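Ligands are counted one by one from 1 in listed order, and the atoms in each one are counted from 1 as well. For this chain, numbers begin at 1 and follow the sequence in order. Values below: all heavy atoms of this structure, side chains included; hydrogens, waters and symmetry mates excluded.
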Amino acid sequence: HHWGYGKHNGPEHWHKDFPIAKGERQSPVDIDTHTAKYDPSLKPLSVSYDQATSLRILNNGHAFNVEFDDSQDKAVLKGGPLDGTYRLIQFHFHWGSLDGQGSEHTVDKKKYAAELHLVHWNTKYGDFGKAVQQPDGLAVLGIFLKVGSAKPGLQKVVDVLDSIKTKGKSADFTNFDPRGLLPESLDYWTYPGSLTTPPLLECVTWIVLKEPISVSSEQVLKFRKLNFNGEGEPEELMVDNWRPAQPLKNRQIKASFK
Ligand SMILES: N#Cc1ccc(N(Cc2ccc(OS(N)(=O)=O)cc2)n2cnnc2)cc1
Ligand SMILES: [Zn+2]
Ligand SMILES: [Zn+2]
């Protein structure tokens with residue numbers, strides 16, 4: 001009974017295998033703009049992706065991930081609420097069965113069509129495996145996707161999905177520049193959280209951008225043609241792979257903007 005996003009192995013059942021699911025700093029959360037607090041101490045985000053080296057794209061049964069070479073201090077994230085440098089290791093999306101839902105975080109209860117997660121790990125811990133065991137081991141940059149004009153930089157990603165439809169499938173995906181997935185502005189909200197899928201470790205400093213990126217309905221539609229299952233098996237479309245908003249508890253969401 002491996003976890004999943006189904007009615008019988010989904011988010012509501014996760015706590016049985018991973019007790020931390022009911023922890024003090026679980027993600028995602030709803031960002032209440034009536035209560036978010038502007039912190040003038042927050043520094044601007046520093047994103048250096050010019051040396052980004054993508055390797056491949058894979059369907060792991062939970063979503064599709066684009067993996068990067070994090071061997072050298074190439075693509076790193078710093079500044080903002082972070083101390084030290086964080087290396088980019090991979091990115092993936094979460095989306096819905098319809099345009100009206102799909103994002104994990106919400107803003108004043110508003111859901112977006114999808115959410116992009118760029119995962120980075122703190123270099124002071126040596127590797128990703130050790131970083132996940134620390135409260136400040138990871139930094140995930142969350143970007144909302146709204147349906148509108150097409151996003152040029154996302155087309156390369158969308159076109160290759162046809163060849164990785166089933167779980168276990170992957171393809172070489174070199175020379176992809178993640179800079180084409182970023183919005184114009186880097187204003188953001190931040191709070192201490194967790195991974196949104198099991199093991200649900202509370203090792204993440206969440207950085208959610210205020211400005212969403214626009215993608216065409218044609219682009220997001222291709223996300224919905226992927227499958228959770230492996231080739232030669234009962235077909236089960238990959239849709240609604242998002243976790244519902246969790247209790248904020250005693251946490252405060254800070255804003256880098258007024
Ligand atoms: N300990 C541990 C551990 C850490 C990450 C794992 N991941 C990738 C992943 C990254 C971020 C994430 O969090 S999120 N969604 O970005 O909030 C969810 C999953 N994985 C899944 N299948 N293959 C790899 C698996 C085990
Ligand atoms: Zn108000
Ligand atoms: Zn994610």
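The presence of a protein heavy atom under 4.0 Å from atom 25 (C) of ligand 1 is ruled out. Of the protein's heavy atoms, at least one falls inside 4.0 Å of atom 2 (C) of ligand 1. When distances from atom 21 (C) of ligand 1 to the protein are checked, a heavy atom turns up under 4.0 Å.
The nearest heavy-atom contact from the protein to atom 15 (N) of ligand 1 is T196 OG1, 2.8 Å. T197 OG1, 3.2 Å is the protein heavy atom nearest to atom 18 (C) of ligand 1. If you check which protein heavy atom lies closest to atom 9 (C) of ligand 1, you get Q90 NE2, 4.2 Å. Among protein heavy atoms, atom 16 (O) of ligand 1 sits closest to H92 CE1, 3.1 Å. Ranking protein heavy atoms by distance to atom 23 (N) of ligand 1, first place goes to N60 ND2, 3.8 Å. When hydrogens are left out, the protein atom nearest atom 13 (O) of ligand 1 is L195 CD2, 3.5 Å; that is the closest non-hydrogen contact. Atom 4 (C) of ligand 1 has as its closest protein heavy atom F128 CE2, 3.8 Å.
For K210 and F257, the positive end sits near the middle of the six-membered ring, less than 6.0 Å away and at most 45° from its axis.
The local environment of NZ in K254 is sparse, with at most 12 non-hydrogen atoms from other residues, nucleotides or ligands closer than 6.0 Å.
Protein atoms that are N, O or S and lie under 2.8 Å from the Zn ion (ligand 3) are these: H92 NE2, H94 NE2, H117 ND1. Around the Zn ion (ligand 2), the protein N, O or S atoms closer than 2.8 Å are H34 ND1, listed by chain and residue number.
Side chains of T166 and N227: a donor-acceptor N/O pair is absent below 3.5 angstrom, by distance only.
Between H92 and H117, the ring planes lie perpendicular to each other; the angle is over 60°, past the 30° to 60° tilted range. Ring geometry for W14 against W3 counts as perpendicular: the plane angle is over 60°, on a 0 to 90° scale with 30° as the lower cut. Relative orientation of the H94 and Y5 rings is perpendicular, given thresholds of 30° and 60° on the angle between their planes. The aromatic rings of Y191 and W206 lie parallel to each other, with less than 30° between the two planes, well short of the 60° mark. Ring pair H120/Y49 is parallel by interplanar angle, where below 30° counts as parallel and above 60° as perpendicular.
A salt bridge does not link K110 with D108: none of the charged nitrogens is closer than 4.0 Å to a carboxylate oxygen. A salt bridge links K124 to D136: one of the charged nitrogens lies within less than 4.0 Å of a carboxylate oxygen. A salt bridge links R224 to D99: one of the charged nitrogens lies within less than 4.0 Å of a carboxylate oxygen.
Under a 4.0 Å criterion applied to the non-hydrogen atoms of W206, ligand 1 contributes the atoms 17 (O). Interface atoms of ligand 1 facing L201, defined by a heavy-atom separation under 4.0 Å, are 1 (N).
At least one heavy atom of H94 sits under 4.0 Å from some atom of ligand 1.
Side-chain contact check for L82 versus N122: every heavy-atom pair is 4.5 Å or farther apart.
Residues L200 and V29 do not share a hydrophobic cluster, clusters being chains of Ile/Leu/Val/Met/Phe/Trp/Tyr side chains in contact below 4.5 Å. The hydrophobic cluster containing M238 also contains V66, counting ILVMFWY residues as joined when their side-chain heavy atoms lie under 4.5 angstrom apart, directly or transitively.
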Q: Walk me through it: do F68 and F176 pass the test ring pair (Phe, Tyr, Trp, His ring centres under 6.0 Å)?
A: CA-CA 10 Å; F68 291 73; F176 179 80; 7.3 Å; no
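For an aromatic pair to be called close, the ring centres must be under 6.0 Å apart, and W242 with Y112 fails this.
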